[PDB]
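The chain below stands alone, shown as structure tokens; this is the form deposited in one PDB entry.
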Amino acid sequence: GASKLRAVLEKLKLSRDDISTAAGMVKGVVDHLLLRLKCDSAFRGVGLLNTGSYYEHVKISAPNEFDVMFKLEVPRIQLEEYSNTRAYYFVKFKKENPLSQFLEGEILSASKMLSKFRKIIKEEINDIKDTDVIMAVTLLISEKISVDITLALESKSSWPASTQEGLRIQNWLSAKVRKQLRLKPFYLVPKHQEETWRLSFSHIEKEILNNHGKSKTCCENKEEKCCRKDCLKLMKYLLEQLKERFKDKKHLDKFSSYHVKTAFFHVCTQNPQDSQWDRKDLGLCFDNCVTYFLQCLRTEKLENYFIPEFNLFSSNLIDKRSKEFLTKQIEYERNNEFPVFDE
């Protein structure tokens, strides 16, 4: 039952001290690269974007994966939507800006900026090579710790129209809160071909996770302890284990913590009351997350949390057989009392 899930979470709590030291190994490399990129004309206004829990600047995507986001303040920015994709945009300017070396008429080239960014990193990684670190931009600190670095364009302007019906937290976190979060900046990340940038809102996650209840006092006292974070921790861990178990057959390579997070938060909108997340119902709640995620896998529909018209589970992004492989693996883990959590 819930007892089994609790022992998994307690096991995960002890490995938190090893990924706090690993977060430090990542922070040293990132601070070294930041003062290196800041001396450059193009990356003069480069800064670190705080997205997670460790130092705020470092995030976690898998047992050894780390996510770092380098922001770049881009004032006087005009966005042009690409072929009604709702998430992808061309970057255009409204004077003598430092970003001028990557322009092609009016369109700011993503590949041209990511080339200079990647080269400076590849250059200082060989400079301070007395700390084992090798190669959007992925590094590997001491044959174990993997770190994915992302160059983001910060826009302090209002969120584009595609987001209007996104962040449906009004009935959970409130309308007052949605308005305040929508006052925060948004980020543009190069696309994974065209010179387009994708809307990123990863920085908003830390805001909601540390203030996740309908009640302001959620998880501040024993009498109001919910199982929201625990369901996300268990949903994330389930995929990490499945990805490790089938790293041999490549079908789970496209699926990430991002898909697990999106689906979990959609269940938060679905279940806005803290009573729908009681700590005694850990098993029941985790299953509702598993069921919605399996419904997403089967229907080939997982909506971006900030852009409803953008499908993360589109045939274009992830193939149907990759989705059916995860559907049958999870369905099995559900029908075998989760043996991937065996200890």
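In this text, rigid core is short for the largest set of C-alphas that superpose within 1.5 Å between two forms. The first residue of the shown sequence is 1; numbering continues from there.
- Annotation: residue 45 does not belong to the positions left without coordinates in a third of the other compared entries; each one with flanking residues models it.
- In terms of unmodelled positions of the deposited sequence, the chain runs continuously from residue 222 to residue 223 in this entry.
- In this entry, residue 135 and residue 136 are separated by 4 to 9 residues of the deposited sequence that lack coordinates.
- Mean CA temperature factor is higher for 44 to 52 when stretches 275 to 283 and 44 to 52 are set side by side in the entry.
- Of the two segments examined, 298 to 306 and 65 to 73, it is 65 to 73 that shows the higher average Cα temperature factor in the deposited entry.
- Remark: of 202, 193, 210, 174, 193 shows the highest value [criterion: C-alpha B-factor in the PDB entry].
- In this entry, the residue among 164, 241, 257, 97 with the greatest C-alpha B factor is 97.
- Annotation for residue 229: CA B-factor lies in the lowest third of the chain's modelled residues.
- Residue 215 sits in the lowest third of its chain by CA B factor, as recorded in the PDB entry.
- In the deposited entry, the Cα temperature factor of residue 85 sits in the middle third of values across the chain's modelled residues.
- When all modelled residues of the chain are sorted by CA temperature factor, residue 33 is found within the middle third.
- Residue-level temperature factors show residue 131 in the highest third of its chain, judged at the C-alpha atom.
From this point on, the text means the form deposited in another entry, which you will not see here.
- In the core-aligned comparison between the shown form and the other one, the C-alpha of 64 is the only one from 276, 64, 288, 304 that shifts by 2 Å or more.
- The Cα shift for residue 126 between the shown form and the other one, taken after rigid core superposition, is 2 angstroms or larger.
- The Cα position of residue 142 differs by 2 Å or more between the shown form and the other one after fitting on the rigid core.
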